[PDB]
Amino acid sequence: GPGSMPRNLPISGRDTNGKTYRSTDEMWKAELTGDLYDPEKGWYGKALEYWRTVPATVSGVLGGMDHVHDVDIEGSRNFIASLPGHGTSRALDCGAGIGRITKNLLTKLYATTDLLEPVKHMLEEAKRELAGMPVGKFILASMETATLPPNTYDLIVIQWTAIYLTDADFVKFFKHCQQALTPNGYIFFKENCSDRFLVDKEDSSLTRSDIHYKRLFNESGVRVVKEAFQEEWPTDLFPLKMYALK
């Protein structure tokens, strides 16, 4: 008979001012006008302009939620530990900010870690905070403009940063990360998780659902090997999900 199923439906959502959308396709037509890098009008530009004045401090990268740091880092460490045949040579910290993840996790697990961050005062502070540590290159670029060499990384970290990518560029970037992995490499993707999206009109970003992410992974040609919610996460915050992708 008629029955609930345990598909490519439109994903609706809204922004933080309360404008609503029937689909993501409708939203990107609204949000991706003009020069994307215009600081006042541009999807990307507005986000970069927002970050220009964020303090280069842990409080700054954690949106004033400093106290979630320890649990976040322990969850990632336990998750990465569990990945079968994960390599331990080279890592890349994408949207690195001041190098928090590199400083507290990657430098303990990888022989060399590179950093990718488009905001100059964030990247500069990372250089200072990471002085005398197993760090390689400091790449001043956005994810969507970065060129990564093939067959290089055993881990590619994308945490609290893919919210700034358009879906088109999310798809492109994850496929580009895939070719940058070694055979024992994984993308480590850690992000806030909504089945509707929320455009944040303050920092020009969006939070997507698990189904939305997976739609994008499928389009990228990238597969989920492992996934898990961050345990012991404050109940009032968006859930934080980790994905290991190959």
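Residue numbers here begin at 1 and follow the sequence given.
Unresolved deposited residues in the interval that joins residue 6 and residue 7: Missing residues, residue 6 to residue 7: 4 to 9.
Scan the PDB entry between residue 184 and residue 185 and report the missing deposited residues as one of none, 1 to 3, 4 to 9, 10 or more. The entry leaves nothing out here.
Tell me which stretch has the larger mean Cα B-factor in this entry, 22-30 or 62-70. Here the higher of the two C-alpha B-factor means belongs to 62-70.
Using only the C-alpha B-factors in the record, can you name which of 158, 135, 148, 171 has the highest? Within the set 158, 135, 148, 171, 135 shows the top C-alpha B-factor.
By the entry's C-alpha temperature factors, tell me which of 88, 166, 152, 107 sits highest. Among 88, 166, 152, 107, the PDB entry lists the largest C-alpha B-factor for 88.
Using only modelled residues of the chain, where does the Cα B factor of residue 197 rank: lowest third, middle third or highest third? Highest third - that is where residue 197 ends up once the chain's C-alpha B-factors are sorted.
Once the chain's modelled residues are ordered by C-alpha B factor and cut into thirds, is residue 12 in the lowest, middle or highest one? It belongs to the middle third of the chain when residues are ordered by C-alpha B-factor.
Splitting the chain's C-alpha B-factors into thirds, which one does residue 49 fall into? Its C-alpha B-factor belongs to the lowest third of this chain's values.
CA B-factor ranking of residue 83, expressed as a third of its chain: For residue 83, the deposited C-alpha B-factor lands in the highest third.
By the recorded C-alpha temperature factor, relative to the other modelled residues in its chain, which third is residue 99 in? Its C-alpha B-factor belongs to the highest third of this chain's values.
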